[PDB]
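**Q**
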Amino acid sequence: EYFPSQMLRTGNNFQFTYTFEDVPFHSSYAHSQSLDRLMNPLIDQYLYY
Amino acid sequence: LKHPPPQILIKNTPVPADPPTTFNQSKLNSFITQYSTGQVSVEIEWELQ
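Order-wise, the sequence lines are chains A and W. PDB author numbering numbers the first residue of the first sequence as 399 and each following residue consecutively. PDB author numbering numbers the first residue of the second sequence as 642 and each following residue consecutively.
1. Can you check whether the CB of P647 (chain W) is closer than 9 Å to the CB of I673 (chain W)?
2. Spatial neighbours of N653 (chain W) within its chain, please: CB distance less than 8 Å, with the 5 preceding and 5 following residues excluded, ordered by chain position.
3. Check this for me: beta carbons of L406 (chain A) and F412 (chain A), under 9 Å apart or not?
4. Which of helix, strand or coil does DSSP assign to residue 698 (chain W)?
5. Do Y444 (chain A) and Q680 (chain W) count as a contact pair if the criterion is CB distance below 9 Å?
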């Protein structure tokens, strides 16, 4: 009750608008590759293990 | 001469023979046997005493 508020009888209406801040797109997709399978399956590496 | 007429270098560009159909990393050692011919002109102006 310590905030300013609008009072409405039966003939009154209320409205406001709002803008969202920049936010990343929700990712609505599934990956067709897995993280451990990003290599070319034909070719050898030049690194050694 | 401190700055003599510059030396002129010429080479035939290597043309490989047919590579294998499976990839191999080593440099190709098979080429088409090849040579070239042509004409060359040189003109010099000489000062006389």
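Each residue gets a CB set at the ideal place from its N, CA and C atoms; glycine is no exception.
**A** The answer reads as follows:
1. The residue you call residue 673 (chain W) lines up with position 32 of the second sequence. The residue you call residue 647 (chain W) lines up with position 6 of the second sequence. Cβ atoms of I673 (chain W) and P647 (chain W): not closer than 9 Å.
2. Numbered from its first residue, the second sequence carries residue 653 (chain W) at position 12. These residues qualify, in order along the chain: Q675, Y676 and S677.
3. Start at 1 with the first residue of the first sequence, and residue 406 (chain A) comes out as number 8. Start at 1 with the first residue of the first sequence, and residue 412 (chain A) comes out as number 14. It is a contact, given that the beta carbons lie within the stated cut-off.
4. This structure does not reach residue 698 (chain W), given that chain W is present from 642 up to 690, and the question cannot be answered.
5. For the purposes of this step, residue 680 (chain W) is taken as residue 39 along the second sequence, with counting starting at 1. For the purposes of this step, residue 444 (chain A) is taken as residue 46 along the first sequence, with counting starting at 1. Their beta carbons are not under 9 Å apart, which means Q680 (chain W) does not touch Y444 (chain A) by this criterion.
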